[PDB]
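Shown next: target.pdb, given as PDB, C-alpha atoms.
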```pdb
ATOM      1  CA  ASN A   1     136.780 -26.902  12.468  1.00  0.00           C
ATOM      2  CA  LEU A   2     139.939 -24.835  12.914  1.00  0.00           C
ATOM      3  CA  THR A   3     137.677 -21.860  13.607  1.00  0.00           C
ATOM      4  CA  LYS A   4     136.256 -20.012  16.609  1.00  0.00           C
ATOM      5  CA  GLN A   5     133.047 -18.036  17.122  1.00  0.00           C
ATOM      6  CA  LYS A   6     130.690 -18.736  14.222  1.00  0.00           C
ATOM      7  CA  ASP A   7     126.977 -18.647  13.416  1.00  0.00           C
ATOM      8  CA  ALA A   8     125.561 -21.552  11.412  1.00  0.00           C
ATOM      9  CA  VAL A   9     122.502 -23.808  11.493  1.00  0.00           C
ATOM     10  CA  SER A  10     122.477 -27.443  10.378  1.00  0.00           C
ATOM     11  CA  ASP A  11     120.912 -30.811  11.185  1.00  0.00           C
ATOM     12  CA  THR A  12     122.572 -33.872  12.712  1.00  0.00           C
ATOM     13  CA  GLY A  13     122.415 -37.653  12.356  1.00  0.00           C
ATOM     14  CA  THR A  14     124.041 -40.565  14.134  1.00  0.00           C
ATOM     15  CA  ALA A  15     120.894 -41.090  16.146  1.00  0.00           C
ATOM     16  CA  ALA A  16     118.918 -41.028  12.940  1.00  0.00           C
ATOM     17  CA  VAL A  17     121.339 -43.511  11.492  1.00  0.00           C
ATOM     18  CA  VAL A  18     120.597 -45.898  14.278  1.00  0.00           C
ATOM     19  CA  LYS A  19     116.846 -45.387  13.903  1.00  0.00           C
ATOM     20  CA  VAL A  20     116.721 -45.762  10.092  1.00  0.00           C
ATOM     21  CA  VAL A  21     119.050 -48.710   9.504  1.00  0.00           C
ATOM     22  CA  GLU A  22     117.698 -50.693  12.454  1.00  0.00           C
ATOM     23  CA  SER A  23     114.044 -50.267  11.421  1.00  0.00           C
ATOM     24  CA  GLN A  24     114.697 -51.378   7.845  1.00  0.00           C
ATOM     25  CA  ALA A  25     117.234 -53.937   9.006  1.00  0.00           C
ATOM     26  CA  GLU A  26     114.609 -55.595  11.148  1.00  0.00           C
ATOM     27  CA  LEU A  27     112.164 -55.591   8.267  1.00  0.00           C
ATOM     28  CA  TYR A  28     114.690 -57.022   5.821  1.00  0.00           C
ATOM     29  CA  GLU A  29     115.367 -59.626   8.429  1.00  0.00           C
ATOM     30  CA  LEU A  30     111.676 -60.301   8.500  1.00  0.00           C
ATOM     31  CA  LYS A  31     111.856 -60.654   4.735  1.00  0.00           C
ATOM     32  CA  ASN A  32     114.791 -63.012   5.229  1.00  0.00           C
ATOM     33  CA  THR A  33     114.977 -64.251   8.821  1.00  0.00           C
ATOM     34  CA  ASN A  34     117.513 -66.984   8.056  1.00  0.00           C
ATOM     35  CA  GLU A  35     120.050 -64.427   6.825  1.00  0.00           C
ATOM     36  CA  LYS A  36     120.859 -61.203   8.610  1.00  0.00           C
ATOM     37  CA  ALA A  37     120.609 -58.217   6.315  1.00  0.00           C
ATOM     38  CA  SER A  38     123.377 -55.677   6.122  1.00  0.00           C
ATOM     39  CA  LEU A  39     124.069 -52.081   5.274  1.00  0.00           C
ATOM     40  CA  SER A  40     125.181 -53.284   1.874  1.00  0.00           C
ATOM     41  CA  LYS A  41     121.952 -55.284   1.470  1.00  0.00           C
ATOM     42  CA  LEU A  42     119.471 -52.789   2.825  1.00  0.00           C
ATOM     43  CA  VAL A  43     120.990 -50.155   0.766  1.00  0.00           C
ATOM     44  CA  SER A  44     121.038 -52.110  -2.394  1.00  0.00           C
ATOM     45  CA  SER A  45     117.450 -52.827  -1.342  1.00  0.00           C
ATOM     46  CA  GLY A  46     117.124 -48.966  -1.383  1.00  0.00           C
ATOM     47  CA  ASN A  47     115.417 -49.303   2.029  1.00  0.00           C
ATOM     48  CA  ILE A  48     118.074 -46.911   3.081  1.00  0.00           C
ATOM     49  CA  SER A  49     120.573 -44.794   1.218  1.00  0.00           C
ATOM     50  CA  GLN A  50     124.395 -44.723   1.395  1.00  0.00           C
ATOM     51  CA  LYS A  51     124.015 -41.851   3.898  1.00  0.00           C
ATOM     52  CA  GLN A  52     122.125 -44.151   6.164  1.00  0.00           C
ATOM     53  CA  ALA A  53     124.210 -47.056   4.925  1.00  0.00           C
ATOM     54  CA  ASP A  54     127.710 -45.628   5.423  1.00  0.00           C
ATOM     55  CA  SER A  55     126.812 -43.792   8.544  1.00  0.00           C
ATOM     56  CA  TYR A  56     125.610 -46.885  10.384  1.00  0.00           C
ATOM     57  CA  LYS A  57     128.539 -48.660   8.905  1.00  0.00           C
ATOM     58  CA  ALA A  58     130.963 -46.470  10.710  1.00  0.00           C
ATOM     59  CA  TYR A  59     128.905 -47.033  13.863  1.00  0.00           C
ATOM     60  CA  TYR A  60     130.010 -50.695  14.009  1.00  0.00           C
ATOM     61  CA  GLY A  61     133.437 -49.552  12.926  1.00  0.00           C
ATOM     62  CA  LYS A  62     133.789 -47.534  16.130  1.00  0.00           C
ATOM     63  CA  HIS A  63     133.884 -50.613  18.380  1.00  0.00           C
ATOM     64  CA  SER A  64     134.279 -53.852  16.391  1.00  0.00           C
ATOM     65  CA  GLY A  65     130.850 -54.924  15.156  1.00  0.00           C
ATOM     66  CA  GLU A  66     129.775 -55.198  18.785  1.00  0.00           C
ATOM     67  CA  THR A  67     126.630 -53.111  18.226  1.00  0.00           C
ATOM     68  CA  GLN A  68     125.603 -53.611  14.580  1.00  0.00           C
ATOM     69  CA  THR A  69     122.066 -54.765  15.092  1.00  0.00           C
ATOM     70  CA  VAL A  70     122.398 -56.083  11.561  1.00  0.00           C
ATOM     71  CA  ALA A  71     125.353 -57.909   9.953  1.00  0.00           C
ATOM     72  CA  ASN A  72     127.485 -54.799   9.237  1.00  0.00           C
TER      73      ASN A  72
END
```
Take the structure in the file and give it back as structure tokens.
Amino acid sequence: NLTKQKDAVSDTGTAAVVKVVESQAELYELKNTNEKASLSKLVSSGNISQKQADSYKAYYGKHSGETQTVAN
């Protein structure tokens, strides 16, 4: 931020990222149970958009793919 004392209003994700990718991810998995979907797949699949796609993507990135409910 490099700034102190400010007045601004904006939304936030992260939690939303988890909620959106995982819901679609599960459904894509239903579509294809044998293969585990992915951010790249779901997003190509326009289930989710690169906001949802790259945001969840950096969620797995944080640990080491230890959480990614869906194959990265």
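Considering all atoms listed in the file, the residue among A:53, A:2, A:48, A:71 positioned nearest to residue A:29 is A:71.
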To verify the selection step, state as number ranges by chain which residues the PyMOL selection byres ((chain A and resi 68) around 12) yields on this input. A: 17-18, 21-22, 25-26, 36-39, 53, 55-67, 69-72
Take the residues that were just selected and, keeping C-alpha atoms, output them as a PDB file, in the frame of the given file.
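Output saved as out.pdb:
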```pdb
ATOM      1  CA  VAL A  17     121.339 -43.511  11.492  1.00  0.00           C
ATOM      2  CA  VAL A  18     120.597 -45.898  14.278  1.00  0.00           C
ATOM      3  CA  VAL A  21     119.050 -48.710   9.504  1.00  0.00           C
ATOM      4  CA  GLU A  22     117.698 -50.693  12.454  1.00  0.00           C
ATOM      5  CA  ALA A  25     117.234 -53.937   9.006  1.00  0.00           C
ATOM      6  CA  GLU A  26     114.609 -55.595  11.148  1.00  0.00           C
ATOM      7  CA  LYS A  36     120.859 -61.203   8.610  1.00  0.00           C
ATOM      8  CA  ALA A  37     120.609 -58.217   6.315  1.00  0.00           C
ATOM      9  CA  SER A  38     123.377 -55.677   6.122  1.00  0.00           C
ATOM     10  CA  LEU A  39     124.069 -52.081   5.274  1.00  0.00           C
ATOM     11  CA  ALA A  53     124.210 -47.056   4.925  1.00  0.00           C
ATOM     12  CA  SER A  55     126.812 -43.792   8.544  1.00  0.00           C
ATOM     13  CA  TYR A  56     125.610 -46.885  10.384  1.00  0.00           C
ATOM     14  CA  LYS A  57     128.539 -48.660   8.905  1.00  0.00           C
ATOM     15  CA  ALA A  58     130.963 -46.470  10.710  1.00  0.00           C
ATOM     16  CA  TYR A  59     128.905 -47.033  13.863  1.00  0.00           C
ATOM     17  CA  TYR A  60     130.010 -50.695  14.009  1.00  0.00           C
ATOM     18  CA  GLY A  61     133.437 -49.552  12.926  1.00  0.00           C
ATOM     19  CA  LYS A  62     133.789 -47.534  16.130  1.00  0.00           C
ATOM     20  CA  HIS A  63     133.884 -50.613  18.380  1.00  0.00           C
ATOM     21  CA  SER A  64     134.279 -53.852  16.391  1.00  0.00           C
ATOM     22  CA  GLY A  65     130.850 -54.924  15.156  1.00  0.00           C
ATOM     23  CA  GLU A  66     129.775 -55.198  18.785  1.00  0.00           C
ATOM     24  CA  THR A  67     126.630 -53.111  18.226  1.00  0.00           C
ATOM     25  CA  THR A  69     122.066 -54.765  15.092  1.00  0.00           C
ATOM     26  CA  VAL A  70     122.398 -56.083  11.561  1.00  0.00           C
ATOM     27  CA  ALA A  71     125.353 -57.909   9.953  1.00  0.00           C
ATOM     28  CA  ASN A  72     127.485 -54.799   9.237  1.00  0.00           C
TER      29      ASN A  72
END
```
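Restricting the calculation to all atoms listed in the file, the smallest distance between residue A:31 and any of A:5, A:45, A:52, A:12 is found for A:45.
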So that I can see what lies close to residue A:50, please list as an mmCIF file with C-alpha atoms, in the coordinates of the input the residues with an atom at most 9 Å from it, counting all atoms listed in the file and leaving out residues fewer than 6 positions away in the same chain.
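Listed below is the output, selection-v5.cif:
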```
data_model
loop_
_atom_site.group_PDB
_atom_site.id
_atom_site.type_symbol
_atom_site.label_atom_id
_atom_site.label_comp_id
_atom_site.auth_asym_id
_atom_site.auth_seq_id
_atom_site.Cartn_x
_atom_site.Cartn_y
_atom_site.Cartn_z
ATOM 1 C CA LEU A 39 124.069 -52.081 5.274
ATOM 2 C CA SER A 40 125.181 -53.284 1.874
ATOM 3 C CA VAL A 43 120.990 -50.155 0.766
ATOM 4 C CA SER A 44 121.038 -52.110 -2.394
#
```
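Atom to atom, atom CA of residue A:28 and atom CA of residue A:42 stand 7.1 Å apart.
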Give me, please, the distance in Å between atom CA of residue A:46 and atom CA of residue A:20, quoted to one decimal. 11.9 Å
Please measure the separation of atom CA of residue A:13 and atom CA of residue A:32, giving the value in Å to one decimal. 27.4 Å
Final N, CA, C and O atoms of stretch 32-57 of chain A as a short mmCIF file (atom, residue, chain, number, x, y, z; two decimals), keeping the file's coordinate frame:
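Final file, rebuild.cif:
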```
data_model
loop_
_atom_site.label_atom_id
_atom_site.label_comp_id
_atom_site.auth_asym_id
_atom_site.auth_seq_id
_atom_site.Cartn_x
_atom_site.Cartn_y
_atom_site.Cartn_z
N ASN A 32 113.88 -61.86 5.21
CA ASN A 32 114.79 -63.01 5.23
C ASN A 32 115.33 -63.24 6.64
O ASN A 32 116.38 -62.72 7.00
N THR A 33 114.58 -63.99 7.44
CA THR A 33 114.98 -64.25 8.82
C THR A 33 116.25 -65.10 8.91
O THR A 33 117.08 -64.88 9.78
N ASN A 34 116.36 -66.08 8.03
CA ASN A 34 117.51 -66.98 8.06
C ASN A 34 118.82 -66.22 7.90
O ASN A 34 119.82 -66.54 8.55
N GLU A 35 118.84 -65.21 7.04
CA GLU A 35 120.05 -64.43 6.82
C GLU A 35 119.89 -63.04 7.43
O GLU A 35 118.82 -62.44 7.33
N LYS A 36 120.94 -62.52 8.04
CA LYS A 36 120.86 -61.20 8.61
C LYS A 36 121.26 -60.18 7.57
O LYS A 36 122.36 -60.24 7.03
N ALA A 37 120.36 -59.26 7.30
CA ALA A 37 120.61 -58.22 6.32
C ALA A 37 121.91 -57.50 6.62
O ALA A 37 122.66 -57.89 7.52
N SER A 38 122.18 -56.45 5.88
CA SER A 38 123.38 -55.68 6.12
C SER A 38 123.22 -54.31 5.50
O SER A 38 122.31 -54.07 4.73
N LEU A 39 124.13 -53.42 5.84
CA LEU A 39 124.07 -52.08 5.27
C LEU A 39 124.17 -52.19 3.77
O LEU A 39 123.46 -51.51 3.04
N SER A 40 125.03 -53.07 3.30
CA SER A 40 125.18 -53.28 1.87
C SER A 40 123.87 -53.80 1.27
O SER A 40 123.50 -53.42 0.16
N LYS A 41 123.20 -54.71 1.98
CA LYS A 41 121.95 -55.28 1.47
C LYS A 41 120.78 -54.31 1.50
O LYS A 41 120.02 -54.21 0.54
N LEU A 42 120.59 -53.66 2.63
CA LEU A 42 119.47 -52.79 2.82
C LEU A 42 119.56 -51.67 1.86
O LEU A 42 118.56 -51.13 1.40
N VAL A 43 120.79 -51.27 1.61
CA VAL A 43 120.99 -50.16 0.77
C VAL A 43 120.85 -50.53 -0.67
O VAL A 43 120.33 -49.75 -1.46
N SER A 44 121.25 -51.75 -1.03
CA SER A 44 121.04 -52.11 -2.39
C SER A 44 119.53 -52.09 -2.55
O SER A 44 118.97 -51.39 -3.40
N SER A 45 118.91 -52.78 -1.59
CA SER A 45 117.45 -52.83 -1.34
C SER A 45 116.78 -51.43 -1.24
O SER A 45 115.65 -51.35 -0.76
N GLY A 46 117.52 -50.36 -1.57
CA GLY A 46 117.12 -48.97 -1.38
C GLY A 46 116.17 -48.69 -0.20
O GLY A 46 115.51 -47.66 -0.18
N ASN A 47 116.19 -49.55 0.82
CA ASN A 47 115.42 -49.30 2.03
C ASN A 47 115.97 -48.04 2.64
O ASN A 47 115.26 -47.15 3.10
N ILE A 48 117.29 -48.01 2.59
CA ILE A 48 118.07 -46.91 3.08
C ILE A 48 119.09 -46.51 2.03
O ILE A 48 119.39 -47.27 1.11
N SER A 49 119.60 -45.31 2.17
CA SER A 49 120.57 -44.79 1.22
C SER A 49 121.95 -44.73 1.84
O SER A 49 122.08 -44.72 3.05
N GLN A 50 122.97 -44.74 0.99
CA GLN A 50 124.40 -44.72 1.40
C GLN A 50 124.75 -43.66 2.47
O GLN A 50 125.85 -43.68 3.02
N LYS A 51 123.80 -42.82 2.83
CA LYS A 51 124.02 -41.85 3.90
C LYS A 51 123.72 -42.59 5.18
O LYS A 51 124.51 -42.63 6.12
N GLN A 52 122.59 -43.27 5.13
CA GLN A 52 122.12 -44.15 6.16
C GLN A 52 122.98 -45.41 6.21
O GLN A 52 123.21 -45.99 7.27
N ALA A 53 123.42 -45.84 5.02
CA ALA A 53 124.21 -47.06 4.92
C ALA A 53 125.63 -46.88 5.46
O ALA A 53 126.09 -47.66 6.27
N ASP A 54 126.32 -45.86 4.98
CA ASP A 54 127.71 -45.63 5.42
C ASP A 54 127.83 -44.99 6.79
O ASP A 54 128.89 -45.05 7.41
N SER A 55 126.77 -44.40 7.25
CA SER A 55 126.81 -43.79 8.54
C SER A 55 126.66 -44.84 9.63
O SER A 55 127.35 -44.81 10.65
N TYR A 56 125.78 -45.82 9.40
CA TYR A 56 125.61 -46.88 10.38
C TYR A 56 126.85 -47.73 10.35
O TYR A 56 127.30 -48.28 11.35
N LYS A 57 127.36 -47.86 9.15
CA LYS A 57 128.54 -48.66 8.90
C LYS A 57 129.67 -48.19 9.75
O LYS A 57 130.40 -49.01 10.29
#
```
